[PDB]
Protein chains: 2
Amino acid sequence: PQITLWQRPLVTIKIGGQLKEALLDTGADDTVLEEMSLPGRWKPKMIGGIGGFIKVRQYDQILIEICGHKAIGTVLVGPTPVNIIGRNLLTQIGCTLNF
Amino acid sequence: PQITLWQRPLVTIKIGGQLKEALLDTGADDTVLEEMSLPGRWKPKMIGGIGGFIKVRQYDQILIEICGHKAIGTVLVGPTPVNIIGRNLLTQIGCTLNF
Ligand SMILES: NC(=O)O[C@@H]1Cc2ccccc2[C@@H]1C1=CN[C@@](Cc2ccccc2)(C[C@H](O)[C@H](Cc2ccccc2)NC(=O)O[C@H]2CCOC2)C1=O
């Protein structure tokens, strides 16, 4: 599909059998989701944003369906304002900016 | 141009005579530029994202050229780590997300 930016680029993602709303974020290198339980081990990761750094937990090889497109990759869980789909997952579903 | 997301989507913008490097960010409602002097009067505003909030100066009706495409809108100036072009200006140059 082609998504214009007159409103927030929100999509519903399916993770762990449940639906969530996430924002397509080209300015985010990584995908960060709000607090939730994911399987396996996690390793630490410091990520910088607009207001500074935060420490999040990194989970690798996580199945996540974005707008019907299946992706398997790294997901970071931490105190984020909203679920953010970053470039690591945008490239997997073949997302590009055009103008 | 069609921009891929394998790398950060950085472009050259021209504002106040000088050329700068900015990140195209579909996740940002607004546009924030690093500390610089712009003419006109401003209003304080607090913006927040990952890491927390920062105080910025809001200037309205600022003219920016994004890849040659002129655009006009609200521009925030403050302690941001990178210049970020948000939705307010991306729509003006006809930028869309495709997948
Ligand atoms: N409210 C709103 O729309 O946007 C807010 C307010 C605002 C105003 C102007 C500009 C940005 C924003 C903010 C905002 C938008 N998207 C985010 C996420 C967000 C979205 C909605 C609400 C809160 C947070 C992330 C930016 O894309 C940011 C860009 C960045 C890149 C590099 C360094 C610093 C900042 N990247 C970043 O944190 O990178 C990472 C997180 C995972 O990988 C790393 C962000 O922080």
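Chain letters run A, B, ... following the sequence lines, proteins first, then strands; residues in each count from 1. Atoms within each ligand, like the ligands themselves, are counted from 1 in listed order. For the numbers below, each heavy atom of this structure counts, side chains included, while hydrogens, waters and symmetry mates do not.
- Using a cut-off of 4.0 Å between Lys/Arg side-chain N and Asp/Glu carboxylate O, A/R87 and A/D30 are scored as not salt-bridged.
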Salt bridge (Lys or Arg N to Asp or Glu O under 4.0 Å) between B/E65 and B/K20, intermediate numbers included: CA-CA 10 Å; B/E65 282 190 58; B/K20 317 188 102 76; over 6 Å; no
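- For atom 24 (C) of ligand 1, the closest non-hydrogen atom of the protein is B/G49 CA, 3.6 Å.
- With respect to B/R8 and B/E21, no salt bridge is recorded, no charged nitrogen being found less than 4.0 Å from a carboxylate O.
- The backbone and the side chain of B/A28 each have at least one atom closer than 4.0 Å to an atom of ligand 1 (non-hydrogen atoms only).
- If you number the atoms of ligand 1 from 1 as listed, the ones under 4.0 Å from a heavy atom of B/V32 come out as 9 (C), 10 (C).
- Every atom of ligand 1 with a heavy atom of A/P81 under 4.0 Å away is listed here by number and element: 23 (C), 24 (C).
- The nearest heavy-atom contact from the protein to atom 43 (O) of ligand 1 is A/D30 N, 3.2 Å.
- For A/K70, the NZ atom is loosely surrounded, since the number of other residues' heavy atoms within 6.0 Å does not exceed 12.
- The closest protein non-hydrogen atom to atom 18 (C) of ligand 1 is A/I84 CD1, 3.4 Å.
- Among protein heavy atoms, the minimum distance from atom 36 (N) of ligand 1 is reached at A/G27 O, 3.3 Å.
- Salt-bridge formation is not detected for the pair B/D60/B/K43: no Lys NZ or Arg NE/NH1/NH2 atom is positioned less than 4.0 Å from an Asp or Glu carboxylate oxygen.
- Heavy-atom contacts from other residues, nucleotides or ligands closer than 6.0 Å to CD of A/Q7 number 12 or fewer.
- In the displayed structure, B/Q61 atom CD is contacted under 6.0 Å by at most 12 heavy atoms of other residues, nucleotides or ligands.
- At a 4.0 Å heavy-atom cut-off, ligand 1 touches B/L23 through the side chain alone.
- Residue contacts with ligand 1: B/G48 is included, with a non-hydrogen atom under 4.0 Å away.
- Heavy atoms of B/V82 found under 4.0 angstrom from ligand 1 belong exclusively to the side chain.
- Looking at atom 1 (N) of ligand 1, its nearest protein heavy atom turns out to be A/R8 NH2, 3.5 Å.
- At a distance under 4.0 Å, a protein heavy atom can be found next to atom 21 (C) of ligand 1.
- Residues A/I85 and A/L23 have side chains not in contact (no heavy-atom distance under 4.5 Å, counting atoms from C-beta outward).
- Nearest-heavy-atom check against atom 44 (C) of ligand 1 across A/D29, B/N88, A/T26 picks out A/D29.
- Heavy-atom proximity to B/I50, at under 4.0 Å, picks out these atoms of ligand 1: 38 (O), 46 (O).
- Residue, atom and distance of the protein heavy atom nearest to atom 17 (C) of ligand 1 are A/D25 OD2, 3.6 Å.
- Protein heavy atom closest to atom 8 (C) of ligand 1, with residue, atom name and distance, is B/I47 CD1, 3.9 Å.
- For A/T74 and A/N88, the side-chain atoms include no donor-acceptor pair closer than 3.5 Å.
- Counting heavy atoms of neighbouring residues, nucleotides and ligands inside a 6.0 Å radius, atom NZ of A/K14 does not exceed 12 of them.
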